[PDB]
Structures are given as C-alpha cells and as structure tokens.
Amino acid sequence: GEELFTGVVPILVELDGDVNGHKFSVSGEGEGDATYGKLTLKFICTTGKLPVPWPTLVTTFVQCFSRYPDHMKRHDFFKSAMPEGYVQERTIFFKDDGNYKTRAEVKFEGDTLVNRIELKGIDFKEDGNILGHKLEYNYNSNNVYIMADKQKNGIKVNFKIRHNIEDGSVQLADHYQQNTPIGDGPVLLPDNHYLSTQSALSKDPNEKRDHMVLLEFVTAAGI
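Thresholds applied
- Residues numbered from 1 in each chain as written, not as in the entry; some residues may be left out.
- Heavy atoms only, no water.
- Residues with missing side-chain atoms left out of burial classes, pairs and counts.
- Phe/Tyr/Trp six-rings, centres within 6.5 Å; stacked < 30°, edge-to-face > 60°.
- Buried < 20%, exposed > 50% of the residue type's maximum accessible area, 1.4 Å probe, protein only.
- Helix = DSSP H or I, 4+ residues; strand = E, 2+ residues; numbered from the N terminus.
- Contact = heavy atoms within 4.5 Å.
- Pairing = 2+ DSSP bridges.
- Polar contact = N/O pair within 3.5 Å; in protein donor to acceptor, adjacent residues only side chain to side chain.

Q: Would you mind going over the packing of aromatic side chains with me for this structure?
A: Within a pair of aromatic rings, the relevant descriptors are the distance that separates the centres and the angle that separates the planes. Summed over the entire model, instances satisfying the criterion amount to twelve aromatic pairs. For the pair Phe77 and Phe78, a centre-to-centre distance of 5.7 Å together with 80 degrees between the ring planes defines the contact as edge-to-face. Using a relative accessible area of 0% as the deciding quantity, one classes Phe77 as buried. On the numbers, 5.4 Å between centres and 50 degrees between planes, the contact of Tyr100 with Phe124 is tilted. Taken as a pair, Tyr100 in strand 5 (residues 99-109) and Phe124 in the loop between strand 6 (112-122) and strand 7 (142-149) lie far apart in primary sequence, 24 residues in all. Assigned by exposure class, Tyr100 and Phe124 land together as buried. The rings of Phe5, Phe65 and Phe108 are connected pair by pair, giving a single aromatic cluster.

Q: Quick question: what am I supposed to make of the environment of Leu188 here?
A: Position of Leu188 relative to the elements: it lies in the loop between strand 9 (170-181) and strand 10 (193-202). Under the relative-accessibility criterion, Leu188 is labelled partly exposed at 32%. Considering only alpha carbons, one finds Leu188 and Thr102, 86 residues apart in sequence, at a separation of 24 Å. Residues contacting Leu188, with those up to four places away along its chain left out, are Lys73, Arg74, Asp76, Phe77 and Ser80.

Q: Help me understand the pairing of strand 8 (residues 154-164) in this model?
A: Each regular strand shows side chains that alternate between the opposite faces of the sheet. Where strand 7 meets strand 8, five bridges bridge the pair, whose relative direction is antiparallel. Bridge assignment links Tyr145 to a residue of strand 8, and that residue is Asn158. Following strand 7, the chain reverses through four residues before pairing antiparallel with strand 8; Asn153 in that reversal takes a positive phi of roughly 55 degrees. Relative to strand 9, strand 8 runs antiparallel, the two sharing ten bridges.

Q: Help me understand the side chain of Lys79 in this model?
A: Summarising the element assignment, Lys79 is placed in helix 1 (residues 77-80). For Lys79, a relative accessible area of 7% puts it in the buried group. Engagement of the side chain of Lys79 in a polar contact is seen with the side chain of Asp76, the distance being 2.9 Å. Residue contacts for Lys79: discarding those within four places in its chain leaves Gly1, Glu2, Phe5, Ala34, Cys64, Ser66 and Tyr68.

Quick look at the structure:
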C-alpha cells in the first residue's frame, strides 16, 4: 500500500452527477504526492455549465494521498486498501437545503490512481444557495474525523464543511462517510484521529470550459 505512494502518482477523477434532475459530468486530472500530503488537480465540466457551485464538489472529488506521520502509519486505512482499493460512500446534508449521496470507487488502474464517482442530489431549492449559485469560490480549512468501523472492516468518517455565502453568511454541509475495502485483502483499522486539510481554488486563465483548479494539503494528526 504505502509503497505505491512513495513518489508522485497521476490521478484521474470521473464523476457522473444528477442534482434535482440537472445532469452533468466532470473529469479531473493531476497528481498526488502523499509524502507531502499534496494534491494538484484541474477539473472540467465536460457537459457544459456545472449546475452546482464548484466548492460543493471538492470533498467528493482520494484520502490515500494524506500525509500520515511515520508514528501513525499503522492507522492509514486508505493506503492499506491499495491497490485493490476501497468504496467510499457519503450523504452530504446542506443545511436548509438538499442533500448529495455519493458512491465512489478509489483504486489503481495501472500507475494511475482513479476515483470514479456517482452523485445523486435531491430536494434542493431552485433558488437556494446551491442551485442558485450563491457560494463564494473559495474554501476553508477543517478537520476530518476518522473512526474505525470494525463491523464493516472499514472506517466511518464525519465532519462539517462551511461554505461561504456571497452575503457573508455560511452554508453548512454535514458529511457522513463510510469506507470499506474492495478486496477481501487485509487493511489497517485505525484508532480515532483526524485529517487536517487546506484547499485553495483557482482558475486556469486559458480555460474556456467551466472548470476548477485545486491545490490541497492534508496531514493526519491527533495521535
């Protein structure tokens, strides 16, 4: 597991989404360097205009690139599931609005680490902060809490993302996540800890398609 991650690894992300019946697809590419907890990716909405704000999809768009200190390496479930991979599911509840349910598979295809996701969004308000596009194109840092889910031979993760609204307020996005290995192979189940994350969003001045450039750093801690 850990070995597949000692250098720079190419990443491919493919998402098929349907939010309140607005269908869309996104392809993303870049690379991850888990030694530094670093990810660099560019995402493109290949179906035209993205019908939701780009920051709402960041969490959905590869925790195996998190930087686990040497003393915590026995708690790295993510890389221990590789290369066969793991299934990652979430329900993301946007306060006072709709919710996303996602199902993704994260695994190696050759030397490329792939995240393939299906996202379904329902109960959004037509002119709410999401379908209405009222969110600032930026992103706050936060802590992602991980706990072992022994029953499933996997983990449960939970955390809150606060999206900045254009009026100065916050749109809370409550995430409930579960991961389970794809193989029948062994994995490492962790003690409780958290991932500290920071994300910067930008635009490629040369790009005419609707898109998002993402630079992220994540380090595990709390042990």
